[PDB]
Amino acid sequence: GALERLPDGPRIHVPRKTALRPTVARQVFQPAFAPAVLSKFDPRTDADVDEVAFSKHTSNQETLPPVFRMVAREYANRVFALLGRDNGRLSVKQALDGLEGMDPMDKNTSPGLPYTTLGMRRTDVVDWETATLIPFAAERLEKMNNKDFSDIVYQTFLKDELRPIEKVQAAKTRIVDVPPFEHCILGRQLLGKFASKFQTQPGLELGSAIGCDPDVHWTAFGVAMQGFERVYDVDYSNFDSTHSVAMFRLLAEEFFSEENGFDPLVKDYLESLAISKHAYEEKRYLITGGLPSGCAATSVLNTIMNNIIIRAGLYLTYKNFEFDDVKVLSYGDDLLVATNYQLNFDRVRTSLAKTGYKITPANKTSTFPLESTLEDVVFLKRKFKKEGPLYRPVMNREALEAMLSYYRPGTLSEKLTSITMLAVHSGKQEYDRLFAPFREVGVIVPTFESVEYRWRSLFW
């Protein structure tokens, strides 16, 4: 129903071969993670990755009850009271360069279709100084400006990454959707002003942690949450399903509305995300519902949706629930609920499952605990460790060991450099244990003290 097979087109190349290679650490740590299945003939699975990858799109939740509209409206009122309603569209130059609260558009990333077929890059289709598109791209943009997204095709392929061993064996490989470059430019034009503002004020008050640096913001987040009796963690991750098409409609008319300062065309842009045409080799699918991965605004949209959904679930579960009975901190599929009340998220899970949404605990368990505090929760694979008046993001051990066990040739040193800044919060003994396999074989890795100094100095 939600996945319609269109007529075939030309073959867009899809990578069937991982770029990931094992490090010296793999044989020591032996993680229950490995490169995702990219090929029909992978011996590590019995399933067909092409069938399994798209199975989530075969069914989609048609409708949502009235409570979702009510929560979206109220969440919108709180956001735009904080962020203001100056959310008009940016110019193409402004979109390319970016505003104070956001980076410029990456010129090295894929231009999308049909440019990848013709062997072109983003720098070929636009001049970055003048902000001038080539005749073909200018016509495409003007077409979209007339509310017509008819010939926008997302370049779709399998995501080359580490997955849990269970997902490898079931061929549960994630999908990447790359939109055309002019679709990305339009998207940043329409939502970039809001986004830059949204990503620069992460915290409990906004309800979002998007755009945070965990090194600094863990203290702010932690300090705001420590006064609450309880903090629960919620995971939205679900390979088998995607966002309802109805959710896009709610955001279009309750959140990203003209009354909240957005351009008239946003409704149509959001529709091009909700119902999208995707190219996967020769095959062409029309997919109803779901968020494309490669859209710059994806993680922001997912964060907002999931914030709305958890309160909707609470209203659906508890007749006497009120908006301010909890505080929410959302980041993509990860969510914290801070409250003084005792809440039963097993019951909330049952309520949300009636609307096609799955929630699980953020940790290993299969059931939600009745009691949960700040010290118990996991958020972006990190716990909250108190350090005087500060909080530090202590990353899960299995996560660190998995990251250290594989790499991409060429970028090893900068991967290890990033991991030192994650591993520092686990203490010197653990830090040295994690990097021991590398410097036993002669690799120089920054000392614990050098990286600990850097973090400490952030608050002096």
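The numbering used is simple: start at 1 and walk along the sequence shown.
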Could you settle it for me: does 57-65 or 36-44 have the higher average Cα B factor in the PDB entry?
57-65
Averaged over C-alpha atoms, is the B-factor higher for 104-112 or for 255-263 in this PDB entry?
104-112
If you check the C-alpha B-factor for each of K383, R311, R89, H217 in the entry, which is highest?
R89
Going by the CA temperature factor in the entry, name the top one among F181, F248, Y236, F221.
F181
Entry-reported Cα temperature factor of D432, expressed as the chain third it lands in:
middle
In terms of the CA temperature factor given in the entry, to which third of its chain does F80 belong: lowest, middle or highest?
middle
So, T288's CA B-factor, relative to its chain, sits in which third? The middle
Among modelled residues of the same chain, the CA temperature factor third for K358:
lowest
Could you tell me which third, lowest, middle or highest, the C-alpha B-factor of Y154 occupies within its chain?
middle
